[PDB]
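# Residue-level structural notes
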Amino acid sequence: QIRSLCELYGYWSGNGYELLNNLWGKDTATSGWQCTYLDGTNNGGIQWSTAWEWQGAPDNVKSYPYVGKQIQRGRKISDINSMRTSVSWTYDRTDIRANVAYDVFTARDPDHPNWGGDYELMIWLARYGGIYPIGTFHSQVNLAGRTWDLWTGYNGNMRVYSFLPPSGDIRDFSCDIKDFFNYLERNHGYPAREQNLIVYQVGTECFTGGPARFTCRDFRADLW
Ligand SMILES: OC[C@H]1O[C@@H](O[C@H]2[C@H](O)[C@@H](O)[C@H](O[C@H]3[C@H](O)[C@@H](O)[C@H](O[C@H]4[C@H](O)[C@@H](O)[C@H](O)O[C@@H]4CO)O[C@@H]3CO)O[C@@H]2CO)[C@H](O)[C@@H](O)[C@@H]1O
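Residues numbered from 1 in each chain as written, not as in the entry; some residues may be left out. Heavy atoms only, no water. Residues with missing side-chain atoms left out of burial classes, pairs and counts.

## A few points about the overall build of the protein
- Check the secondary structure of the protein and you find one helix and 15 strands.
- Its C-alpha atoms give the protein a radius of gyration of 16 Å, within 12% of the compact-globule value 17 Å for 224 residues.
- Long-range pairs, those at least 24 residues apart, make up 71% of the contacts in the protein between residues at least 6 apart in sequence. (Helix = DSSP H or I, 4+ residues; strand = E, 2+ residues; numbered from the N terminus. Rg over C-alpha atoms; globule rule 2.2 N^0.38 Å. Contact = heavy atoms within 4.5 Å.)

## What about a nonpolar patch on the surface?
- Taken together, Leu8, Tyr9, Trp24 and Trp33 make up a surface patch of nonpolar side chains, about 420 Å² in accessible area.
- Mapped onto the fold, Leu8 is located in the loop between strand 1 (3-5) and strand 2 (11-14).
- Under the relative-accessibility criterion, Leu8 is labelled partly exposed at 37%. (Patch = residues over 30% accessible without salt bridge, like charges linked within 9 Å, V, L, I, M, F, W, Y side chains within 5 Å. Areas by Shrake-Rupley, 256 points an atom, 1.4 Å probe, with all protein chains shown as cover. Salt bridge = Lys/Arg side-chain N within 4 Å of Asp/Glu carboxyl O. Buried < 20%, exposed > 50% of the residue type's maximum accessible area, 1.4 Å probe, protein only.)

## Details of the side chain of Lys178
- Secondary-structure assignment places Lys178 in helix 1 (residues 177-188).
- Buried charge without a salt bridge: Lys178, with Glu185 as the nearest opposite-charge side chain at an N-O distance of 5.5 Å. (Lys, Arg positive; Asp, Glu negative; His and termini not counted.)

## A few points about the site of the ligand
- Within the structure, the ligand sits among 20 residues, and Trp24, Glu120, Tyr132, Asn155 and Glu205 are positioned closest to it.
- Here an oxygen atom of the ligand sits 2.6 Å away from a polar atom, N or O, in the side chain of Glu120.
- A distance of 2.9 Å is found between an oxygen atom of the ligand and a side-chain nitrogen or oxygen belonging to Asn155.
- For the ligand, the protein covers 75% of the area, taking 830 Å² as the surface of the free molecule.
- For the shell around the ligand, the secondary-structure elements that each account for two or more residues are strand 8 (97-107) and strand 9 (119-128). (Near = heavy atom within 4 Å. Polar contact = N/O pair within 3.5 Å; in protein donor to acceptor, adjacent residues only side chain to side chain.)

## What about the pairing of strand 8?
- Counting buried positions along strand 8 gives 11 out of 11 residues, so the element sits mostly inside the fold.
- Of the two faces of strand 8, the one lined by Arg97, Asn99, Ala101, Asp103, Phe105 and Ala107 and the one lined by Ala98, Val100, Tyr102, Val104 and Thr106 are each fully buried.
- Relative to strand 15 (residues 206-221), strand 8 is paired through two bridges, and the arrangement is antiparallel. By the bridge assignment, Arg97 is partnered in strand 15 with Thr208.
- In this sheet, strand 9 lies alongside strand 8 in antiparallel orientation, the contact comprising nine bridges. (Pairing = 2+ DSSP bridges.)

## Let's talk about the state of the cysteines
- Tallying each qualifying case throughout the model produces one disulfide.
- At a sulfur-sulfur separation of 2.0 Å, the disulfide partner of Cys6 is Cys35. Between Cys6 and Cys35 the disulfide shows an S-S torsion of about -70 degrees. By sign, it is left-handed. Of the two residues, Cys6 is situated in the loop between strand 1 and strand 2 and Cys35 in strand 4 (residues 31-40); the sequence distance between them amounts to 29 residues.
- Between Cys206, a free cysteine, and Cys35, which holds the nearest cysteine sulfur, the sulfur-to-sulfur gap is 12 Å.
- Given the relative accessible area of 0%, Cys206 is considered buried.
- This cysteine, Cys216, is not joined by any disulfide, and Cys206 carries the nearest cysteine sulfur, 13 Å off. (Disulfide = S-S within 2.5 Å.)

Structural data, given as C-alpha cells:
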C-alpha cells in the first residue's frame, strides 16, 4: 500500500478524493480494530482496501471506512445534472455482519458538517450477516439497470433512503446517483431545490465478524 491509515480517523486526500479510517462507532465494540489502506490512485480513480475484526453490539455499526469525492459546498441537488460513479470490489468472506454502500448526505444548511444531514441516500451493493438498513421496506424501484428494495426511515431527525439488492451482492457497479435523487424528487417529495450536497462516498459499514478484508479494485466518481 501507498499509505496505511490505521489511526482512528486516519485521513488522506489527493486527486479530488479523500479516504478515511472512519471508525465512528468503535467504542461500542468489545474487541477489535480496523485499518484502511490507499493502494493506488491510478487512471482517474482510487484503489483501496480495509481490513478489520470487530466483536460486540451486533446492531451497532463500528465503522464506515470510505473513499469520498471532494465537493464544493452550496450545490443544490436540483442544480447537479449528473453524479456518475463506478466501483469494483471484493470481500474475502461473507460470514460477517457488514455491507458495501454508497453514502450521500444532503442538508438545507450548505455548511452542515460531514457526519450527517437532513437526508441520507444509500445504495447498498452487499448485505451480509442478516443486517438491516434504517427503517422499513417501502417499495421496489427500477434504477441503474437493476431492481432495488427501497427502505426508508429516520436516524434521529435525518430521513434515510436505502436502496438494497433483493438478492446477492453487486461487486461491479456503475450508476448515476442523480437517477436515484430524481426518483426521490418525483415520487417521495424529496426537496432537491432546497437541499445541498454534503458528502458523496462509497465504503463498507462493518458491524461484527472477521478477520475480513474489503478490496476496492477501483472507484471513480464525478459530478457535473
Ligand atoms: O452517527 C454519526 C456517524 O454517521 C455515519 O454515517 C452513518 C449514518 O449516520 C447512518 O444513518 C448509516 O448507518 C446505519 C446503517 O446503514 C444501518 O444498517 C444501521 O441499522 C441498524 C439500526 O440502527 C438498528 O436500529 C437496527 O436494530 O439494526 C440495524 C442493523 O441491522 O443503522 C446505522 C446507523 O445507526 O450510514 C452511515 C455510515 O455508517 C458517518 O459516516 C460518520 O461520519 C458519523 O460520525
